[PDB]
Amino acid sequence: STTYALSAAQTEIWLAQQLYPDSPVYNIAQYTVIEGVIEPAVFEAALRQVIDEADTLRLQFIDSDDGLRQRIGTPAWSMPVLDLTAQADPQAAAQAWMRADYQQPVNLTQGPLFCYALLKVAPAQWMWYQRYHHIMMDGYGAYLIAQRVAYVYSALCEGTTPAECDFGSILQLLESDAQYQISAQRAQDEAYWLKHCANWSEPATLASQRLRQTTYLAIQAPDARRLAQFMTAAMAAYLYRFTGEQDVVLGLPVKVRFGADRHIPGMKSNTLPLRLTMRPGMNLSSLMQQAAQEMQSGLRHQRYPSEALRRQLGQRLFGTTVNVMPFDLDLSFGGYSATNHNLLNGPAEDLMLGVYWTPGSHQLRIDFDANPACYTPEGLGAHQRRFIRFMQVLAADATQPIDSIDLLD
């Protein structure tokens, strides 16, 4: 078989896992509540076919005298079917089983990298459990795999045999990344990103089990990327008004493009550094203009990975990360409606700002995913109350210079 090198993020995950082998933070857990009946055998066959379709679930990461590598394997896996029909609290026992799963650490050399289970906690209420490792999957690919399984199960139970996948093999990404490693374009992106972050500083940050506090709201006064740039400028202006930093840097995850016409599950996002300078008298329109300017003069070197940049330098480049994305559309599991609920995301990038919207809807959802060693349940809640009203004063007057705004408690 042919092996492939590990990406910088994958190598960091591997070494951080081997240093703390009792750490379950690199487990992404998810469960799907299906309000209806489920055929476990057809479900297992759909899991079959999608596992072989999204071949990132077939990767095995191994050690050798030549270094960390990865290849396509035939991983040995199971699908347990637990029936919690006869318990006083079936949901509690189901949550206990799932929590007992994703709380254990996962050895990466030889071991189950994903966990698929089926929980029946009511006569017509199933729960499909999904666990992965951060070295092989993110959240978006997990949702893609969830819908592919939903569609193929829907097909197989009604006699239909499903259409071909709209997925790309992970080998595409592996080979093009191997060729990008020896690329002149990679050396140019390196030179650019280290000229750009040369006389940089620390990151402006509100830093002092993973914390979360959600807040729903509605703004009156676009598309989606204007929403992204407005939220980026607002978070940067809030950081500057709270910390007094003219130079603040935010983390912006971008979906790298290199010629893949299909979504490759497991191919993650490169979070780029966006340094905004907040000169005096500046307003929101000026800050959004500078943000667009700086991302435009950086989206051509987007392929250069963040971890390689942070290693070619001298503990992080940014403390706050802005992730603007709508909610995922729901799935149908053989005619039955199913809604996903995530138990465990990934580790903390100090602070992750999540903005979730609905098409045609004015209501937003703000998420604060913070590191507990840097925030408190009270400090994070005060920042989200402070940041949101600041953002609302910004949305009502782009004419307003950031300095003349004074926010509360």
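Start at 1 with the first residue shown and count on from there.
Asker: If you count the residues of the deposited sequence that sit between residue 86 and residue 87 but have no coordinates, do you get none, 1 to 3, 4 to 9, or 10 or more?
Answerer: The entry leaves nothing out here.
Asker: Please classify the coordinate gap between residue 314 and residue 315 in terms of deposited residues: none, 1 to 3, 4 to 9, or 10 or more.
Answerer: Unresolved stretch here: 4 to 9 residues.
Asker: Test of understanding: from the entry's C-alpha B-factors, which stretch has the higher mean, 348-356 or 63-71?
Answerer: Averaged over C-alpha atoms, the B-factors run higher in 63-71.
Asker: Mean CA B-factor: is it higher for 247-255 or for 91-99?
Answerer: The deposited B-factors put 91-99 ahead on the C-alpha mean.
Asker: Select one of 38, 370, 51, 382: the residue whose C-alpha shows the highest B-factor in the crystal structure entry.
Answerer: Result of the comparison over 38, 370, 51, 382: 38.
Asker: Looking at 177, 307, 261, 294, which has the biggest Cα B factor in the entry?
Answerer: That would be 294, according to the entry.
Asker: Going by the CA temperature factor in the PDB record, which third of the chain does residue 408 belong to: lowest, middle or highest?
Answerer: For residue 408, whose C-alpha B-factor we compare with every modelled residue in the chain, the answer is the highest third.
Asker: Ranked by Cα temperature factor within the chain, is residue 326 in the lowest third, the middle third or the highest third?
Answerer: Highest third of the chain for residue 326's C-alpha B-factor.
Asker: Per the entry's values, where does residue 12 land by CA temperature factor relative to the rest of its chain, in the lowest, middle or highest third?
Answerer: Residue 12: CA B-factor falls in the lowest third of its chain.
Asker: Quick check on the deposited entry: does the C-alpha B-factor of residue 29 sit in the lowest, middle or highest third of its chain?
Answerer: Ranked within chain, residue 29 CA B lands in the lowest tercile.
Asker: For residue 281, does the deposited CA B-factor place it in the lowest, middle or highest third of the chain?
Answerer: It belongs to the middle third of the chain when residues are ordered by C-alpha B-factor.
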